[PDB]
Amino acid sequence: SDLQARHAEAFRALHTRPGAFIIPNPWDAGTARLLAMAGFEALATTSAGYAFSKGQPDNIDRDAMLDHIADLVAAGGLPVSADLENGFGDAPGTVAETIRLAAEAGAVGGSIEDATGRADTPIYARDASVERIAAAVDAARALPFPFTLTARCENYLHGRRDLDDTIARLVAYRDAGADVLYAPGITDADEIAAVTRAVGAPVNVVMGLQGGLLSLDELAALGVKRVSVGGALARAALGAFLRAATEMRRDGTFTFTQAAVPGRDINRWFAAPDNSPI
């Protein structure tokens, strides 16, 4: 991969052109392929989608994720932003190593969140959080291509729905060198517009995780740059899977198969040596 450097630049450029773009979240090679064929320009991994595929609830082994990143890089042929949880450890050096490893696995971007995993103290202290992002940035800037670092503030997922602390963290992460800022759980249009105005740098908003829905155009008008979907695609697939299971158990019928992608089509598409829209 001089390919990696090409993807890195293409990915960074998605963030500076006008409008917002969607970064969808496959959880296996198949889905990665299909999203490229659909015309998406980047992919993001989903620790949640990945977990559901393994029959586990959300929250992951670093080595398992590194393998997963490499699988989706190979399959998709697109730039991949990796969900790297909290960097798989508390210490800044751990976060930094995680960034290097994720790049080595082929990612051209990734996210580091400020959730500790400890219910007592579910969000890292501001100082410690910023030091963490600073270490991630230094690792990112030592790479020989532009690595797009997303800094996550997890406040709204852990009962601290405080807009002002959340903005302050994101601003502090931006000032530490983060390229993209993301607060999952903020869904209100007015709250989102205040985030994007205060942050200025690119903001990612996730759709379908909680609350209400906005379109990509609505989000662009609120100043959002990137829109992701976390585990929602995996959960869409699973909702259809469950409806089929239920039909079979309750009725003994298979009409669910009528809306399935025909075998003939998917075998043709996956027989191709690339993911050309087609």
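For every residue, the number given is its place in the sequence shown, counted from 1.
Undergrad: If you count the residues of the deposited sequence that sit between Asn59 and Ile60 but have no coordinates, do you get none, 1 to 3, 4 to 9, or 10 or more?
TA: Unmodelled stretch: 1 to 3 residues, a short break.
Undergrad: What stretch has the higher average Cα B-factor here, 23-31 or 248-256?
TA: Going by the record's values, the stretch with the higher mean is 248-256.
Undergrad: Hey, which bit's got the bigger mean C-alpha B factor in the entry, 143-151 or 87-95?
TA: Looking at the record's C-alpha B-factors, the answer is 87-95.
Undergrad: Between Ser129, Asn204, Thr196, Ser111, which one tops the list for Cα B-factor in this entry?
TA: If I rank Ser129, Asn204, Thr196, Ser111 by C-alpha B-factor, first place goes to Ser129.
Undergrad: Looking at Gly77, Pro122, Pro184, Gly106, which has the biggest Cα B factor in the entry?
TA: Highest C-alpha B-factor among the listed residues goes to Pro122.
Undergrad: Going by the recorded CA B-factors, say which third of the chain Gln210 sits in, lowest, middle or highest.
TA: Ranked within chain, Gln210 CA B lands in the highest tercile.
Undergrad: What third of its chain's C-alpha B-factors does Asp71 belong to: lowest, middle or highest?
TA: According to the entry, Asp71 has a C-alpha B-factor in the chain's middle third.
Undergrad: Based on the deposited C-alpha B factors for this chain, I'd like to know if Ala102 is in the lowest, middle or highest third.
TA: Lowest third of the chain for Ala102's C-alpha B-factor.
Undergrad: Sorting the chain's modelled residues by C-alpha B-factor, tell me whether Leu242 ends up in the lowest, middle or highest third.
TA: Middle third by C-alpha B-factor.
Undergrad: What third of the chain, by the recorded C-alpha B-factor, contains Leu219?
TA: Lowest third.
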